[PDB]
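Below are two forms of the same protein chain, given as structure tokens: structure 1, then structure 2.
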Structure 1
């Protein structure tokens, strides 16, 4: 007999998770689940977990958490581990994303990744989707000379700029955190690459001002040939928008390197202060099961955490473009898994934005980034 309280904020479709929870209660007699959205305002919801975990409040059982937080929350004492848990059935970088001190400390809820959205219509010039940044530059040169921004990416000092820095870093096969493993040449080459788009006229002069939804709105307005963005953008582009039926979805370019993207989306954890550990873990196992991932794809348009569901006929009938998402999500890489992710993110995004704004050079940016990451790690 358990009453389980689960934290799902108002921006994560708690209304659709509620339908999955109703199916769980109908076959799990004696378990009631109640959704806590975190308070009446957006700010209250964003401060909810810090409030009840700092108080060691034992009433919360299950929590949705960002894929960047597993290590921070486990190290803070906020989350329980799932002893002996196998994450091999999920998309491949979930095991790495959720293993902290050799323990599984969260389970996947729904996936996300960056995609290279592109104007399929303009590629008119006989160009196949670019597989390298040099191909993307050549492609942008051909389309722009023929006809409009070549490439929109996030240069504001936000989490998206960390993801931006890491795409060329990962493409060279480098991992920034394994403990800090800083490759100066790869870090300088990443910063120079993003700045080269501005210098070569492929990206606008003020890309340092571009947040995730600025890319989305500008591509949607027909002003962008190539756009880096996440899964939520597609429905905007195909909605009531000036790019209906002119949007392709591809893997992000490589630098002789590898085509990579970022592992995004959200996960579930169990509160370390829950008095109902076993029942809370069983609920998380259900919410992270393939049949629930499938339900959430069909009913909330959330990208599944199992590769097989991108080929499932019921999913692709409901959301055809998920077939085109699969080859991109299979290239995902995990952002640094560290309890000091906040400081690692702040240092990287500050450096990326400062180089793109023209406030510092790539070389001094790598210098500043290595110095600050060494203090944190």
Structure 2
């Protein structure tokens, strides 16, 4: 009788279909979904509480790509002994291996992309922007042409959530800088990043309360036809093309714009399945994770939920690209996407950066003071 922790955000109703396929072929085994918070840091704060207390209730954990160092060092997961991760993208083999131990099996890949209203860019003769400067010029042109009070130029995540860590790093990496064995905090790129996110609000290109916007708020608002440009993850696509959308067939996907004279870098994301060290069904949990991390299930979740695959071959799979054409071009974006710090203290890293991003955008602290505070707090942790 297995229990799997899955975010309300990760389309548990589509995972439920994959569990039904498992139960149909595996007699005597039933799985039940326990849904968690929409955002990764909320899920993490929850799982820390129950893993700390050695709660045996949960069997399989859907964990963020940022979680293996913590969960490995805490002893919260049962390692996949003699497991070979070489069927999967090297980036996810690397994320799920801590001190030589296979901590987890990849569930799905992810990276940030620029979603855009191809109907509005096409109306105004605009190319997908390759720089943030080009994105500001396109936004002002479209907003002034459309005279739609509800149309946002750019939605990005400014809420004090895990996605705001990603937000902070996008311009930092585009400028060619790295955060880390040791912290190498570049003040100029850190301030440039916080100033850039603030500039969209100050220019009216982003709404005044972007500090309140989480991943699925960007998703909901873009889907309701209210956003020209959206920073999001692959899952949003299935929602954009579903039965409750204002933007069916009106959505382009591009790589993120670069900073003035930078690269079109992005943030690595994605999720993996861990088996709780406290599960009393280790054997059946492991067999369930082997199924859910299999190629066929990787393919099903790409087609049915726009979850980017963990297997290189699936990005150009006939049925995958028939369903989502832009997956065919997505592999090199995923394989070159920059990783957030690997550390067991990642909760503290996240808390420092996301609270600094949110405070800058809420007008609590200047971009310069925000960077100053972040460097001091990260110094202590890394």
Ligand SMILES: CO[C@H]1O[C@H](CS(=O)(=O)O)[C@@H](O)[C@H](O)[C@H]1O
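Between two forms, the rigid core is the largest collection of C-alphas that superpose within 1.5 Å. Numbering follows the first chain given and starts at 1.
- Taken from the structure described as the form solved in complex with the ligand is structure 2, whereas structure 1 is drawn from elsewhere.
- Core-superposed comparison between the two structures: among 153, 230, 78, 133, the single residue whose C-alpha moves by 2 Å or more is 78.
- Hinge angle between the two structures, smaller rigid part versus larger, from C-alpha superposition: 32 degrees.
- In the rigid-core superposition between the two structures, residue position residue 317 carries a C-alpha shift of 3.0 Å.
- We note a C-alpha movement of 9.6 Å at residue 48 between the two structures, with the rigid core held in register.
- In the core-aligned comparison between the two structures, the Cα atom of residue 308 sits 4.2 Å away from its counterpart.
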